[PDB]
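Sequence and experimental coordinates follow.
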Amino acid sequence: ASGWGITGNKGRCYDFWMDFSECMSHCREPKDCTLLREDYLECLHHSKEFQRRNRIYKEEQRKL
Amino acid sequence: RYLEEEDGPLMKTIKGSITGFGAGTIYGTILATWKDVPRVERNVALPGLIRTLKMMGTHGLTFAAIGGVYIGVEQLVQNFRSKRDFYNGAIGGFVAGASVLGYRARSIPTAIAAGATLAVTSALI
Amino acid sequence: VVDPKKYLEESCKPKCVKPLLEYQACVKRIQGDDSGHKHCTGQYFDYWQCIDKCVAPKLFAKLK
Amino acid sequence: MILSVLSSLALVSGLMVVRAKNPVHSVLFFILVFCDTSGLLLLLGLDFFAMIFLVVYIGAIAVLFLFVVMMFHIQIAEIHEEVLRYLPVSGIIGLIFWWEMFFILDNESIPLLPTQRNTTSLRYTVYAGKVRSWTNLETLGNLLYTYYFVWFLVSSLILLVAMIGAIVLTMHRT
Amino acid sequence: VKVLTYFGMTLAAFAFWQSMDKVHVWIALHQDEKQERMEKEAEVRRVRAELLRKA
Amino acid sequence: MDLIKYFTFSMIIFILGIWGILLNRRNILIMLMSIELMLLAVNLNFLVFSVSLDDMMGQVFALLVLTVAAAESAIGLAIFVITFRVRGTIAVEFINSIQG
């Protein structure tokens, strides 16, 4: 969220954080910014990407 | 507000006894750890551990007794009468407290005080 | 007027939401014929066993 | 695997810190935990922090502990106790903490299972950020003294308090 | 402790960490079941609320 | 699985600090050292998280925490020294006068 990257460039997830912040800056219902918020968290932790790839791995293991 | 359960009076009593035994084990562990060791048991490890395990067993047994007799008498009072109130469970708490805590404390006034306290704590529930 | 049994069965549904959904789940999976072999007796029994248990202690209070 | 080795060394060294009969030995095993931590930091790519853990934790703090604990000449009788009676309470607390706390990232950070496929060709490489590389030292120094300098100065105030307290509590001038 | 006692402890801890790796892999493998169970329970709660909100 | 393993390393260090508190009723020096272990585990978490999130805020706090750890160790050992000097021993039976 700070934008300072550990190698001297813009942080990896900073643009997602900003877009989330601009959204929340004028949407009175926080549910209006859900998609951008989960995009920022997905950039942080890669949870859904890894879950889907683990699904692919599971199906491959099942069919082997 | 309560519609999440499958019930079963026998299962209720069994699970209450199990939960009470777990709570008594943990409480006895804490009590044993809090107290110091007697002077003639400081250079020897085994007796302290034996005493701790004995405290765990004793308090687990006592708390399981409370947690079983409470729920069992509550259900047996609410079944044989077929009415649901805080009056049932108050009698169960009274009998559980009185019986078990007077057996352990070896006194009638202590049993009455425990029963009264347990009945109040169930009436506020 | 209106049967107290039928009304009480309807008002006991929120206490048996879990079996009702499971019975509905079975109905969808058996909509294919498969030679007239599949059925949902077990899910039907579980749902009504919950409803009947909910209705029994309150039915006789409305009857004289 | 290397993380397993460092984790095992740190586990045993820390057990030795908390279970050594002689406190001097406890301080020396603490130095081993700090060396292991420095190795972990080197694996993270943070060389400045890996070296600073040696300079400060081992070079300064652990030396302070060693100097004090050596001149105390503590006899084993004043600090000894049989710890067998603490197996159950430590078992309960450690198991609760273990289950709740070693898996706190699992739901948020689901691990990527290693497939039997070369997923290392899917590494995209951007040469724009590699033209002029910043060290971890320069990246930290870009921020400490300008954009977050107030925290820097407050840390200096903390150190000044340490100096004053050390003098007022222990000084006996000759 | 003796040097060999320390090394045996380190080997035991290495085995413990490999077991921890197995545990993490197992927990990862059961994400889909857990999300499916969560969805079914959420649907149960939502159906119950919508049926209770009706009255 | 990298992040979880780094985190469990920090976790075992924190847990060892908690255990050192639990197991050393009669050894307050090791109680202090266990607290230092807990502080190292938190410092590592900040560094690991800073690497994981590609964000420098974790490292700034890691340096400042190292400063805090140094100051706290200095003052703690001073208080240890004066307590020892007053009593002539470090045994916990001589630091229990205040009670009730």
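Now that the structure is in, tell me what you want to look at. Numbering: from 1, shown residues only, chains lettered A, B, ... in the order given.

Nearest residue to the residue of chain A found nearest chain D in space, please, no chain neighbours.
Going by Cβ to the nearest Cβ, chain D is nearest to residue A:8 of chain A, at 3.4 Å. (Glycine included, C-beta is placed from N, CA and C.) Distances taken as Cβ to Cβ, 6 or more residues apart in numbering or on different chains place residue D:134 nearest to residue A:8, at 3.4 Å, with adjacent residues excluded.

mind checking the SS state of that neighbour?
coil (DSSP: H, G, I helix; E, B strand; the rest coil).

tell me the phi and psi of it?
Dihedral pair for residue D:134: phi -100, psi 140, per degrees, to the nearest 10.

neighbours of it, just the number please.
When neighbours are counted by other Cβ atoms under 10 Å in any protein chain shown, residue D:134 registers 16.

how far away is residue D:164 from residue C:54?
Using Cβ to Cβ, to the nearest Å, residue D:164 is found at 73 Å from residue C:54.

neighbour-wise, which of these two wins?
Counted by other Cβ under 10 Å, residue D:164 and residue C:54 do not tie: residue C:54 has more neighbours, with 19 against 11.

List the contacts of the more buried one.
Counting by Cβ atoms under 8 Å, 6 or more residues apart in numbering or on different chains, residue C:54 touches C:8, C:12, C:15-16.

Would you confirm that residue F:97 belongs to a helix?
No - Residue F:97: not assigned to a helix; according to three-state DSSP it is coil.

how about the helices of chain C, start to end?
C:4-11, C:17-29, C:41-59 (DSSP state H).

closest one to residue B:111 among these?
Residue B:111 lies closest, by Cβ to Cβ, to one member of these: helix C:41-59, at 34.1 Å.

now that closest one and helix C:4-11, what's the angle there?
120 degrees (axes from the mean of the first three to the mean of the last three Cα atoms, to 10 degrees).

Helix C:41-59: which residues count as buried?
C:43, C:46-48, C:50-51, C:54-55 (16 or more other Cβ atoms under 10 Å in any protein chain shown).

Need the three-state assignment for the residue in chain E that chain F sits nearest to.
Closest residue of chain E to chain F, Cβ to the nearest Cβ: residue E:24 (5.6 Å). Assigned by three-state DSSP, the conformation of residue E:24 is helix.

Pick out the residue in chain D sitting closest to chain A.
Nearest residue of chain D to chain A, counting by Cβ to the nearest Cβ: residue D:134, 3.4 Å away.

ok, which stretches of chain E are helices?
So, for chain E - with DSSP H - the helices run E:3-29, E:31-54.

Tell me if the longest one is near chain A.
Yes - when contact is scored as Cβ under 8 Å from any Cβ of the partner chain, part of helix E:3-29 falls within range of chain A: E:28-29.

That helix vs helix E:31-54, what angle?
50 degrees.

Helix E:3-29 packs against which elements?
helix A:47-62, helix D:2-19, helix F:2-23 (3 or more Cβ pairs under 8 Å, 6 or more residues apart in numbering or on different chains; DSSP states H and E).

Relative to chain E, how far out is the residue of chain D closest to chain A?
33 Å (Cβ to the nearest Cβ, to the nearest Å).

what's the offset of the lengthiest helix in chain B from the middle of its chain?
Counting residues, the longest helix in chain B under DSSP H turns out to be helix B:46-81. How far helix B:46-81 lies from its chain's middle: 4 Å, per Cα atoms, centre = their mean, to the nearest Å.

Grab the most central residue of chain C for me.
Residue closest to the mean C-alpha point of chain C, counted by Cα atoms, centre = their mean, is residue C:48 at 3.5 Å.

For residue 42, which non-adjacent residue is closest in space?
No chain specified, so I'll use chain A. Spatial nearest neighbour of residue A:42, excluding adjacent residues (Cβ to Cβ, 6+ apart): residue A:48 at 5.6 Å.

looking at chain F here, not the other one
residue F:65 (6.9 Å).

about what we covered before: now the helices and strands packed on helix E:3-29 in CSV, please, with extra columns for mean neighbour count.
Below are the helices and strands packed on helix E:3-29 laid out as CSV (neighbours: other Cβ atoms under 10 Å in any protein chain shown):
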stretch, mean neighbour count
helix A:47-62, 14
helix D:2-19, 21
helix F:2-23, 22
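
How many residues are close by the residue in chain C that chain F sits nearest to?
Among the residues of chain C, residue C:18 lies closest to chain F, at 34.3 Å counting by Cβ to the nearest Cβ. For residue C:18, the neighbour count with other Cβ under 10 Å is 21.

count of neighbours near the residue in chain B positioned nearest to chain E?
Nearest residue of chain B to chain E, counting by Cβ to the nearest Cβ: residue B:3, 7.2 Å away. Applying other Cβ under 10 Å, we find 13 residues neighbouring residue B:3.

Secondary structure element holding it?
Using DSSP states H and E, residue B:3 falls within no helix or strand.

Relative to residue C:9, how far out is the nearest residue to residue E:47 once chain neighbours are set aside?
Closest residue to residue E:47 apart from its sequence neighbours, by Cβ to Cβ, 6+ apart: residue C:17 at 5.2 Å. To residue C:9, residue C:17 is 14 Å away according to Cβ to Cβ.

neighbour count winner among these two?
residue C:17 (23 against 17).

Was I right to think the more buried one contacts residue E:49?
No - the pair residue C:17 / residue E:49 is not scored as a contact, 9.2 Å apart, by Cβ atoms under 8 Å.

quick one on the thing from earlier: wait, which of the helices and strands packed on helix E:3-29 is closest to residue B:25?
Among those, if distance is taken as Cβ to Cβ, the winner is helix F:2-23, at 17.6 Å.

Residue in chain E with the shortest distance to chain B?
For chain E, Cβ to the nearest Cβ, closest residue to chain B: residue E:48, 7.2 Å.

for the nearest residue to that residue once chain neighbours are set aside, what are its contacts?
Take residue E:48 and drop its neighbours on the chain: the residue closest to it by Cβ to Cβ, 6+ apart is residue C:17, 4.2 Å away. By Cβ under 8 Å, 6+ apart, the contact list for residue C:17 reads E:44, E:47-48, E:51.
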